[PDB]
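6 protein chains.
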Amino acid sequence: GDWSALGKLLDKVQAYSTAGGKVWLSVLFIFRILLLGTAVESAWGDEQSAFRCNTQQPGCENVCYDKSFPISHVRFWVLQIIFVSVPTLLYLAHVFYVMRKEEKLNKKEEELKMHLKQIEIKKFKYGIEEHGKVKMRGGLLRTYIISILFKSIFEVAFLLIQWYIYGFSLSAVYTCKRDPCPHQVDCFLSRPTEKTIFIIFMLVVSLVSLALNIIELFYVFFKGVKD
Amino acid sequence: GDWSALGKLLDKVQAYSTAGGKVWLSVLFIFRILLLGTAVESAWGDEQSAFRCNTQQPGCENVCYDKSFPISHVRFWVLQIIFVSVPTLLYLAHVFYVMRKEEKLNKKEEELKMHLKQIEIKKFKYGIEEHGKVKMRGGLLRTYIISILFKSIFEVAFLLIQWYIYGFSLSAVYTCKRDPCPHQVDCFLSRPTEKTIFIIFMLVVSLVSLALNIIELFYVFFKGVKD
Amino acid sequence: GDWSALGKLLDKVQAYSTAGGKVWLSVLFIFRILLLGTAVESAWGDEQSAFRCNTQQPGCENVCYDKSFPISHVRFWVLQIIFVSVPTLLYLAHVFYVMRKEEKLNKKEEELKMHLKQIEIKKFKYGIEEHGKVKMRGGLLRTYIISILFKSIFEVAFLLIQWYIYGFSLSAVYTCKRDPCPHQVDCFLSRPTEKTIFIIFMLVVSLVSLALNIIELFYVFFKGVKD
Amino acid sequence: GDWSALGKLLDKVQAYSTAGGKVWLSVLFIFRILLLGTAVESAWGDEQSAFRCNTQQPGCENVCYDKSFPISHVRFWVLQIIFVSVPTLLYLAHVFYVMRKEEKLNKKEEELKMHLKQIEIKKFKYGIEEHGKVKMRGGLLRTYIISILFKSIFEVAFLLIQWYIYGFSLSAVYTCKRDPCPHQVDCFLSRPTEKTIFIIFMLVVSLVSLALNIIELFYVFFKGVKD
Amino acid sequence: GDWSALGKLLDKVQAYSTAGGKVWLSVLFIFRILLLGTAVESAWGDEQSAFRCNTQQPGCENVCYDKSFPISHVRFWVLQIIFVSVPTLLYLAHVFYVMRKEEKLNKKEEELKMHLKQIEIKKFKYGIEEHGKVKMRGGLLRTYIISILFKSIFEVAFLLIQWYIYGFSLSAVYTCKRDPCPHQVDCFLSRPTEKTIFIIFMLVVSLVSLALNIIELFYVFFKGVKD
Amino acid sequence: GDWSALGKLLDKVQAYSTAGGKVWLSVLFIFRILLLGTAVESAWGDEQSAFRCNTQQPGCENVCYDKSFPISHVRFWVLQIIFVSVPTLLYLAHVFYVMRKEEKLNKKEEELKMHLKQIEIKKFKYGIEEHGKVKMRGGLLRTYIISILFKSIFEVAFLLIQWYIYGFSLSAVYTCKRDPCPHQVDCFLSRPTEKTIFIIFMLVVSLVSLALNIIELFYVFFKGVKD
Ligand SMILES: CCCCCCCC(=O)OC[C@H](COP(=O)(O)O[C@@H]1[C@H](O)[C@H](O)[C@@H](OP(=O)(O)O)[C@H](OP(=O)(O)O)[C@H]1O)OC(=O)CCCCCCC
Ligand SMILES: CCCCCCCC(=O)OC[C@H](COP(=O)(O)O[C@@H]1[C@H](O)[C@H](O)[C@@H](OP(=O)(O)O)[C@H](OP(=O)(O)O)[C@H]1O)OC(=O)CCCCCCC
Ligand SMILES: CCCCCCCC(=O)OC[C@H](COP(=O)(O)O[C@@H]1[C@H](O)[C@H](O)[C@@H](OP(=O)(O)O)[C@H](OP(=O)(O)O)[C@H]1O)OC(=O)CCCCCCC
Ligand SMILES: CCCCCCCC(=O)OC[C@H](COP(=O)(O)O[C@@H]1[C@H](O)[C@H](O)[C@@H](OP(=O)(O)O)[C@H](OP(=O)(O)O)[C@H]1O)OC(=O)CCCCCCC
Ligand SMILES: CCCCCCCC(=O)OC[C@H](COP(=O)(O)O[C@@H]1[C@H](O)[C@H](O)[C@@H](OP(=O)(O)O)[C@H](OP(=O)(O)O)[C@H]1O)OC(=O)CCCCCCC
Ligand SMILES: CCCCCCCC(=O)OC[C@H](COP(=O)(O)O[C@@H]1[C@H](O)[C@H](O)[C@@H](OP(=O)(O)O)[C@H](OP(=O)(O)O)[C@H]1O)OC(=O)CCCCCCC
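Protein chains in written order, with the deposited numbering: chain B, 2 to 114, 125 to 238; chain A, 2 to 114, 125 to 238; chain C, 2 to 114, 125 to 238; chain F, 2 to 114, 125 to 238; chain D, 2 to 114, 125 to 238; chain E, 2 to 114, 125 to 238.
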């Protein structure tokens, strides 16, 4: 694949994050990315060539396959993985902006050495005191919360879309009724059992990730209330 | 693929750029390159072998396929990606030229230590004061503006070409009328729905990028007016 | 494949581990990962195309194949390898937490230089004395033991599942009785002998790993009793 | 592919070159190498299997294909790319020889510290004064000019060969007359339109490169006359 | 392939070894690994699809192929390569243990500065005097000898197994007698000549390696007697 | 491919070599390795599936193909490349042995500071004076000459074998006479013209390399006579 850039960026962002965020990144790296690339994507290798129908009408097989699978599961999961990673990058960008502000303020104070008072109050407001121990307060906390909410809503929306379109199982026999197939025809899928097992596994993984980020949100809210 | 060199050059150029430029580079890396390489290009894997027509005339299938698809979408998108990346490299080259001029002027001034006056006026004219904080003024701003305009016009031209040639959807049945096929024949495509979905997705991404660079141009014009 | 990330993490974790753990990691890297990727996975390359049955009823071949192989052995082994590696990562995370606590306590004591007494008692309780010679005592030992137990139970559960589903051999002829195949039909597998040999080899490797981790658990219990 | 070594050597040689040479190297890296590897080579993926003729005489298809395509375009372009890169490596070798001579002369002068006069005259003759600012004078200029001429003549020779053999377009229908095909037969190509488009694109790129190196030669001649 | 980890470990272990061991490692890297990966494994690319028999009885081809090839040569050679590399890793582990003991003893002596006498006698017994010039004496020599013997016996056992199973040549025509094939049938192999040539080449390489390690054992025994 | 290790070793050995040796290494890297991997090996991609004969006798096609091609050209060229690279590695090993001797002698002399006389005479005999400027004298020259002779004889032997077996062209039609084909049959090859062109190209490259190493041998003999 080509997941090198996204993996590198996630490795860059995982340095400064909460424990729940680190666990979420770890499970995303292990189960969502590694498992799909290694063995899951090989199952959908001949979902088109092994598909066949019980007719001799030309062109009915392509129409029935297009009717049966509007979009492959592997591509759907890739799109989901892409769409549940942007807000972390947004948080990384905001952290880098905070770092730039810290560097400029440090340069100004080094130049200086009531200005000390305002420099210190600005360094405390952004949570930059130890030169490498950026804390979450004011803006970073807001960005983190909105990122968590966006990730959760994207995941639940994708899950609902998948539930509406396909369901959570693949029957061994599919009934096709569309031109130019005369009347109704019978078509047979390929590897229904493995696909059902992997779909259930991915559903479980998605639910676990949802619960994990919910726990992370609750913990960060409690930490904010602590102050 | 072989996108390593272009990715490395873009990673080199992203160090000194405006926020809008950085966001544009990020979206180009994520959606334009990564998504196409990972899953999109696999859909157009058997657009030739799965294509079939309702006739037994030899050689009609090849002619009808050539009539239907003058150029594959994947190759068109690759060409578009290549053609909407050169001006950034031109800006990078101009920045490197400015760096070379800065190094030579620094060498001359170190040698010296009214010549100081002209050295300082030349260092201010090119915006080279802090030895690593090159600012946009005079020539760099002009190059940046012309690069943005060239990128925008290339993108809109490619979009217009795609609209004229194909459209934005693929019908499940295609009508073919060309020798040696007798009279008219019916041919059936492969995976119309996935291809339509991905075409719409790419169109949305291109429009978003166009809006982003328009916003970047407006912001840089306002910044120039600020002076 | 894409085993780079997991291999890197295991290379990170192997630095601080017992001898039995190092031997287990070595055998996992050599026989479980390298062997499967190099030659074993190529055997299951045409288990679908070479499968054929003695009938001309349309769609019976797909149904019989789905009946015969609920899940491929290669995917099962990949899932097993993934599921017998998490607790080591958990131990690595706990070790990193101990390192963070050590760094914070060192910072506090450097700041100080009865507080010395409590600093020393906390550094001894976590087994952090030589600044890079973390010892197993109290919590690390408990985490190590529970990780070993979890790994063992996961391995035995996977072995039992494989025994119940398939067995440990593949007969050259399979009997299929499922709709729409009329009455009973005969279907012939592909490369039964190589698959049986590799299944037996993997079973032997799994048993060896089980014995090795049992020995490691006994040795660590004896070491704990030594104190 | 395996273009890593040649790319590394070109990256090594681009450090010391004229602006025209750098632009030529950039366009060679972008359009000649990257574009061909990414998408162009995939078009010629089934030029043999999709080729078919209107006959049932055994062995006529292979003979007609061999008659139609003496050598594939992709292989021809690869050979051209290889044959229009050697003189740059020759220039790199000569530069390395100059560097070796500079190092030996520096060692001899460091040992010494009329010999100073001859050391200085030899350091000026080879254009080695600043220890890392090698200038083009005498021999390097001659090597550069002959390298440019060799590159230009190789490119024009390859272009003429391609014009004589194929032309610049591929007709959808080819007429074959060769044993054992009885009388004349009709054979149909695969993807004529994409191949014609890419051939025209490569021709334009080659012409642009020719013009660029002509401009570089004129500029370097003017620079030589400047002295 | 995935031979990166084993190659890295062998590169780590080759630093401290006898000349015969280094030559054996070099020949193993060149002829056993590189040659098999580059060109040898491509020959066994269609040993299943090109195999065909002279009958129309369904399912006889699979049975006859399974009868003819119990296990492919490429997989057998991969298993042999894996099984003739473990003892070197065991020697590497013992060397690392010696290094750990050396580091601990050095730490204790640095702390000290009759204890000097025992420290020196322990440093001489393990052959650790120059801090990086570990010599073979007592235990390392025993481990080296047993590793050489284990490697030799594994190689000869694999050679005997291959001789018993297949032989050293592949006849162009194979006779098959097994159900459901009626009476006897004739089946034809694929590329017999290349496979025979490569089998003979691998046999010669294995014999050369056996002779080389025998010479290494004799030389190390003579060196031990020298003391 | 897997040419990384051999390429790395050749990159290691090219540091200390004569100009002719460096040119030979460069041409070997460019034309022998890069060209074969990039485009040449793709031509022999379907030399088995596209091969067909004018008969309906079962099993005659495999026999005729085995008769026609005892060993593929690509594998022959890979074997040749492997067999014309060992003596350079032998020279590298001898150079490393000389380096080890130099390091030990330097250690002994540093310890010392008539022994100086013998140390200096041994350092001059092996041509080790400047600590990094090893010269060819006595043994290194002999090893270099024998390596050149071995390389030349291996290349000429491989060329003679290829001339005897195949020739230097491939006719479009092959006549096959071997059981079970009745009487004589006609079989047709695949892509004869491209294969002939590439064979002629490889022959020219081999002759050029032979001439280059002959020139290198003559030059080194003249240099030896110079002393
Ligand atoms: C049931 C768990 C409920 C809490 C779950 C909390 C989340 C969880 O499960 O792991 C993350 C957590 C915090 O780790 P983290 O390093 O971020 O935080 C440490 C500590 O918990 C405080 O946050 C700070 O120290 P102190 O206290 O001011 O001296 C300081 O962090 P910060 O403030 O500078 O950033 C650290 O010393 O790790 C723990 O071990 C918590 C202690 C209890 C671990 C044992 C379980 C009670
Ligand atoms: C609605 C936003 C409209 C503006 C969008 C502007 C574009 C946008 O959305 O992000 C980029 C922007 C500029 O970032 P950047 O680092 O380039 O610029 C900072 C700052 O904005 C000034 O440009 C300079 O400081 P000062 O001011 O002279 O002390 C100095 O940059 P420069 O001059 O040395 O290169 C920096 O401190 O980031 C912000 O946070 C803007 C502040 C407002 C952020 C909050 C929103 C108002
Ligand atoms: C039959 C083997 C039964 C034991 C199997 C034990 C497991 C096994 O087979 O290998 C691991 C083992 C321990 O190695 P490791 O480096 O962890 O431990 C060394 C030593 O054994 C003690 O643990 C400590 O030294 P001391 O003793 O306090 O001076 C110190 O470790 P630690 O305490 O600081 O972490 C080390 O010097 O290696 C051996 O050579 C054991 C000695 C006997 C090797 C010869 C066989 C008796
Ligand atoms: C129409 C252009 C015609 C010329 C095209 C020339 C080719 C072209 O388009 O780009 C390359 C060119 C030379 O760049 P390069 O760094 O090699 O050369 C710089 C300069 O031009 C002189 O060559 C030298 O300085 P000076 O002058 O002695 O103080 C010194 O180089 P050198 O001598 O130590 O190696 C450098 O300062 O870049 C320019 O900006 C030229 C100035 C005009 C740029 C603006 C356009 C006039
Ligand atoms: C027919 C060859 C029979 C012997 C084959 C022996 C094996 C073979 O063919 O290559 C390996 C061999 C030993 O190399 P290696 O570096 O291990 O050993 C060198 C030397 O031979 C002694 O072993 C030691 O020096 P000294 O002697 O105490 O001053 C010291 O090694 P060590 O003791 O510190 O580890 C080294 O100086 O290389 C040679 O050149 C041997 C000399 C003769 C080379 C010329 C042929 C006679
Ligand atoms: C027709 C060519 C016939 C000779 C072909 C010779 C082979 C060829 O074509 O390139 C290699 C050659 C030698 O290069 P290399 O760096 O090995 O050798 C240089 C020099 O030639 C002498 O060998 C030594 O210097 P000096 O002389 O003692 O001060 C010293 O090398 P060494 O001794 O310390 O190792 C070096 O300065 O390069 C040349 O430029 C030769 C000079 C003439 C180049 C111009 C052509 C005459």
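We put the beta carbon where it would ideally sit given N, CA and C, even for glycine.
Listed as beta-bridge partners of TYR185(A) by DSSP are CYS198(A).
Under the three-state reduction of DSSP, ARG53(D) is assigned to strand.
Counting along the chain, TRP45(C) sits inside no alpha helix (DSSP H), nor does DSSP assign it H or E at all.
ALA51(B) is outside the set of residues whose beta carbon lies under 8 Å from a beta carbon in chain A. Interface annotation, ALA168(A): not in contact with chain F, CB-CB separation never under 8 Å.
Among the CB atoms of chain C, one or more fall inside 8 Å of the CB of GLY2(B). Neighbourhood of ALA16(F) in chain E, by CB distance below 8 Å: empty, with the nearest CB roughly 19 Å away. Taking C-beta separations shorter than 6 Å and ignoring five residues to either side along the sequence, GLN49(C) has no partners in its chain. Inclusion of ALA20(A) in the 7 Å shell around ligand 2 follows from its C-beta lying nearer than that to a non-hydrogen atom of the ligand. Closer than 8 Å to the CB of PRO203(A) there is at least one CB belonging to chain B.
When Cβ-Cβ separations below 8 Å define contact, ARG101(A) makes no contact with chain F. Between the alpha carbons of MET100(C) and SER18(C) lies a gap of roughly 15 Å. Separation of the CB atoms of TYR98(D) and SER158(D) is rounded to 14 Å, and the pair is thereby denied contact status at 8 Å. Taking the C-beta atoms as reference points, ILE31(E) is found no nearer than 8 Å to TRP4(E). Taking C-beta atoms as the reference points, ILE72(F) and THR204(E) count as a pair closer than 8 Å. In the DSSP assignment, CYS65(A) falls within the alpha helix (DSSP H) that extends over 61-69.
In the displayed model, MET147(E) falls within coil according to three-state DSSP, outside both helix and strand. The beta carbon of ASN63(D) sits no closer than 8 Å to any beta carbon of chain E. For ligand 3, a non-hydrogen atom lies closer than 7 Å to the CB of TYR98(D). Contacts between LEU35(D) and chain E, judged by CB atoms closer than 8 Å, involve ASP3, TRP4, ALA6, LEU7, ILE83 in chain order.
The beta carbon of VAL41(C) does not come within 8 Å of any beta carbon belonging to chain B, so the residue lies off that interface.
Residues of the same chain with a CB within less than 6 Å of the CB of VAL64(F), apart from the 5 flanking positions on each side, are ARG189 in chain order. Per the C-alpha coordinates, the member of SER220(B), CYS192(B), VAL231(B), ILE210(B) positioned closest to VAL24(B) is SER220(B). For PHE135(E), no Cβ of chain F is located within less than 8 Å of the residue's own Cβ.
Judged by beta-carbon spacing, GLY149(F) lies within the 8 Å limit of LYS136(F), meaning their Cβ atoms are closer than that value. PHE30(C) has a beta carbon lying within less than 8 Å of a beta carbon in chain D. Within the model, the alpha-carbon separation for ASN107(B) versus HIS126(B) is close to 13 Å. Per the coordinates, the alpha-carbon of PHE199(F) lies some 17 Å from the alpha-carbon of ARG202(E). Interface flag for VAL75(A) against chain F is set, since a Cβ pair is found closer than 8 Å. Note on geometry: alpha-carbon atoms of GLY138(A) and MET147(A) lie some 7 Å from one another. Taking a beta-carbon distance threshold of 8 Å, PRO59(A) counts as an interface residue toward chain F.
Here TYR66(F) is buried: its Cβ has 16 or more other Cβ atoms, across all protein chains shown, within 10 Å. Of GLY178(A), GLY21(A), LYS206(A), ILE210(A), the smallest CA-CA separation from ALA44(A) is found for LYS206(A).
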